[PDB]
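Chemist: Here come the first chain(s), positioned as in the complex:
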Amino acid sequence: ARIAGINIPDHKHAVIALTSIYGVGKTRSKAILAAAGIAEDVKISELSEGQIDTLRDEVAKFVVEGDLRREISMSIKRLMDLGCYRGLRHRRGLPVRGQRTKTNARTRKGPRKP
Amino acid sequence: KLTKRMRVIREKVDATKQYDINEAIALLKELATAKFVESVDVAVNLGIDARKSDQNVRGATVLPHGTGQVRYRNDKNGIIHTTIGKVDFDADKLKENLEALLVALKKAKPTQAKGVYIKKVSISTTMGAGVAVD
């Protein structure tokens, strides 16, 4: 309801709110509720704050919103520093997940201009 | 079609006969048929074409007997809704309250007027057949 400072995962199950949290995904929520000692069958609207602060303390061990994009940007600045092919391609605003580029990258390369 | 009320008040005035000032303050007892302090409206028909931005009117009336400081403004087509007061407020004083209204307007007569400024003064009642005086 308040975790992470900004995100309100209201009416989300205990681990579903953590999968929907900004920074982590599918298994880290399970890992958090296992390291904290909570089950995942009820929404966030039933667990009191006596444990929500503990969930927020336990998630303070990973990279969070403010450092997530900034570690990504540190890597991207390493790309703008080196000059390698993934810096060249990334410095032209091109799609994001592999190697094939010629015929089918149209969603993230945008529709055809002319 | 109607009750006894509305018909005898329409059969107490004349629209084809444009009444006069001194003739006007005799009939507002026959034009008043409400059980309270009912009002009497005035309409001023004007003689300019207001379709132009330059011809807006705006001012306040210093009432010679109070009601009382009321603002006014003309219409875009040439008929402004004003008021003299009520029907029981000394009908004979209502003519003297008609006096002070219009002499303040010709003093602030706009210079960008086209043709005659005024056209007609309808001293009408809120619950009866109107009266259109020259």
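Modeler: Cool, got the structure. Residues are numbered from 1 along each chain as shown, chains lettered A, B, ... in the order given.
Chemist: Return the residues in contact with the residue positioned nearest the centre of chain B.
Modeler: A centroid search over chain B (Cα atoms, centre = their mean) returns residue B:42, at 2.0 Å, as the residue closest to the centre. Contacts were defined as Cβ atoms under 8 Å, 6 or more residues apart in numbering or on different chains; by that measure residue B:42 touches B:81, B:82, B:83, B:84, B:98, B:101, B:121, B:122, B:123, B:124. Yep, even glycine has a C-beta here, placed from its N, CA and C like the rest.
Chemist: Could you measure from it over to residue A:82?
Modeler: Distance from residue B:42 to residue A:82, counting by Cβ to Cβ, to the nearest Å: 87 Å.
Chemist: Kindly report the same for residue B:52.
Modeler: With the distance defined as Cβ to Cβ, residue B:52 ends up 71 Å from residue A:82.
Chemist: swap in residue B:49?
Modeler: Counting by Cβ to Cβ, the separation of residue B:49 from residue A:82 is 77 Å.
Chemist: Could you do residue B:43 as well?
Modeler: 85 Å.
Chemist: Neighbour count for those two, which is higher?
Modeler: A direct count of neighbours by other Cβ atoms under 10 Å in any protein chain shown for residue B:43 and residue A:82 places residue B:43 higher, at 17 against 11.
Chemist: then add RNA strand C to what we have above:
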RNA sequence: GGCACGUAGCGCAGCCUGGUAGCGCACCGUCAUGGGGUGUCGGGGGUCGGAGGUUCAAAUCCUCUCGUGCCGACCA
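Modeler: That brings us to RNA strand C, laid onto the chains above:
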């Protein structure tokens, strides 16, 4: 003075008759065909000649202006 034209490259509706730039031709990429066209299918392409005001908002109301027309008027 007096009224009629400006709307995509072109021709126009709408017009210079009130709320939401549309039609046709032109152009680009498909589909249609054994090969083509007409044709259907999408996409760009203009902010209503300019400006200024009325609006709950103009294009569609009003004033000035610009270019082009036509009638008429014009004895430093």
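Chemist: With residue B:123 as the reference, measure out to the residue nearest to the centre of chain B.
Modeler: For residue B:42, the distance to residue B:123 - Cβ to Cβ - is 6 Å.
Chemist: buried ones in stretch B:45-53?
Modeler: Of the residues in stretch B:45-53, B:46, B:48, B:50 count as buried by neighbour count, 16 or more other Cβ atoms under 10 Å in any protein chain shown.
Chemist: wait, does that stretch contact RNA strand C?
Modeler: Yes: Stretch B:45-53 lies within reach of RNA strand C by Cβ under 7 Å from any atom of the strand, at B:51, B:52, B:53.
Chemist: Which of those residues sits closest to residue A:66?
Modeler: Residue A:66 has its nearest neighbour among the residues of stretch B:45-53 next to RNA strand C in residue B:53, at 56.6 Å by Cβ to Cβ.
Chemist: now for the longest helix along chain B, which elements pack on it?
Modeler: As assigned by DSSP state H, the longest helix anywhere in chain B is helix B:91-107. Under the contact definition 3 or more Cβ pairs under 8 Å, 6 or more residues apart in numbering or on different chains; DSSP states H and E, helix B:91-107 sits against helix B:21-24, strand B:39-46, strand B:59-62, strand B:79-86, strand B:118-123.
Chemist: and RNA strand D, same structure:
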RNA sequence: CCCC
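Modeler: That brings us to RNA strand D, laid onto the chains above:
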């Protein structure tokens, strides 16, 4: 509709 055009054409081989």
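Chemist: circling back: how far out from the middle of the chain is the longest helix of chain B?
Modeler: Distance of helix B:91-107 from the chain centroid (Cα atoms, centre = their mean, to the nearest Å) equals 10 Å.
Chemist: Just the C-alphas of that helix, formatted as PDB.
Modeler: Output of helix B:91-107 as PDB, limited to C-alpha atoms (Å, rounded to 0.1, in the frame of the first residue of the first chain):
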ATOM      1  CA  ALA B  91     -46.800  55.100  -8.300                       C
ATOM      2  CA  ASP B  92     -46.700  58.900  -8.500                       C
ATOM      3  CA  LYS B  93     -43.000  58.700  -7.400                       C
ATOM      4  CA  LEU B  94     -42.500  56.000 -10.100                       C
ATOM      5  CA  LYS B  95     -42.800  58.700 -12.700                       C
ATOM      6  CA  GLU B  96     -40.100  60.700 -10.900                       C
ATOM      7  CA  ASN B  97     -38.000  57.600 -10.800                       C
ATOM      8  CA  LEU B  98     -38.500  57.300 -14.500                       C
ATOM      9  CA  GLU B  99     -37.300  60.900 -14.900                       C
ATOM     10  CA  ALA B 100     -33.900  60.300 -13.300                       C
ATOM     11  CA  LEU B 101     -33.200  57.000 -15.200                       C
ATOM     12  CA  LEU B 102     -32.900  58.200 -18.800                       C
ATOM     13  CA  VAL B 103     -31.300  61.600 -18.400                       C
ATOM     14  CA  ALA B 104     -28.200  59.800 -17.000                       C
ATOM     15  CA  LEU B 105     -27.900  57.800 -20.200                       C
ATOM     16  CA  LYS B 106     -27.900  60.700 -22.700                       C
ATOM     17  CA  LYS B 107     -25.000  62.200 -20.700                       C
END
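Chemist: Since that was my last question, I'll sign off now.
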